[PDB]
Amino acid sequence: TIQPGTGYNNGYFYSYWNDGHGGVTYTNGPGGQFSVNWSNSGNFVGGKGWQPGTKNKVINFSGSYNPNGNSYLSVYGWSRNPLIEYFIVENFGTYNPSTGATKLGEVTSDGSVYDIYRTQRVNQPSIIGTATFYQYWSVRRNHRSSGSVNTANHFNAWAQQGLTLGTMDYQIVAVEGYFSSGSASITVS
C-alpha cells in the first residue's frame, strides 16, 4: 500500500483517503492503473484521475471490481462555489447509494439509463473543512466495471434539473468502501 494522501503517479492525479480503521490497501500502478484490496475495512475512497477535472471530459476505465459489502465504483469529484460532491456510479455492492434519496430525473449515456438524485451532507468533512453541502448522483442501471463516461451528459442533465456545479476540483475514478471487503483493479484514461 501507499500512504493516504494526494499526489501524481505516472501522469495521473490520485487521491487515497481512509478513516484509520484498518483493513484497506491502495496501490498505484503503471499509467492510469490503481488497485484496492480490502477486508473488514472502515470508510475509504481511492482512485486516479485529474486535478482539476473538467465539465466535458470523456473518462475511460477498465478492469475488475469485486466488492463484498458496501462499496461504490464511480466517477467521483467535487466542485467549489458551490461546494458539491458528485458521483457517477457505474457499479456498487450491497447498498445503492440513492436509497431513500429524492429522484431528480433520468439521463441516458454510454449505453444505459441513469437515475439522478440529490442528497445533503450536514456539517460533514469536505475539501474546504466541515460544511453542509449537496451531493449529486447519477446511478447507472446497467452495472459494469469497464466503459466510457461522457461527463458532459451528466453535468448537463444535472444543470437542466437545477443541480448547479461550480468550478471543478479533483475528478477521479474511485473505489469507495464503507465497512466492507473486496478487491478492485482499475485503469483510467
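Throughout, we count residues from 1 along the sequence that is shown.
Asks: Higher mean Cα B-factor in the deposited model: 166-174 or 10-18?
Replies: In the deposited entry, the stretch with the higher C-alpha B-factor mean is 10-18.
Asks: Could you settle it for me: does 76-84 or 97-105 have the higher average Cα B factor in the PDB entry?
Replies: Comparing averages over the C-alpha atoms only gives 97-105.
Asks: Which one, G49, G69, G31, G46, has the peak C-alpha temperature factor per the PDB entry?
Replies: Out of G49, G69, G31, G46, the record gives the largest C-alpha B-factor to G31.
Asks: Can you tell me which of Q135, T151, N123, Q160 has the highest Cα temperature factor in the record?
Replies: Of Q135, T151, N123, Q160, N123 has the highest C-alpha B-factor.
Asks: Looking at the temperature factor on the CA atom of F61, which third of the chain's modelled residues does it land in?
Replies: Ranked within chain, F61 CA B lands in the middle tercile.
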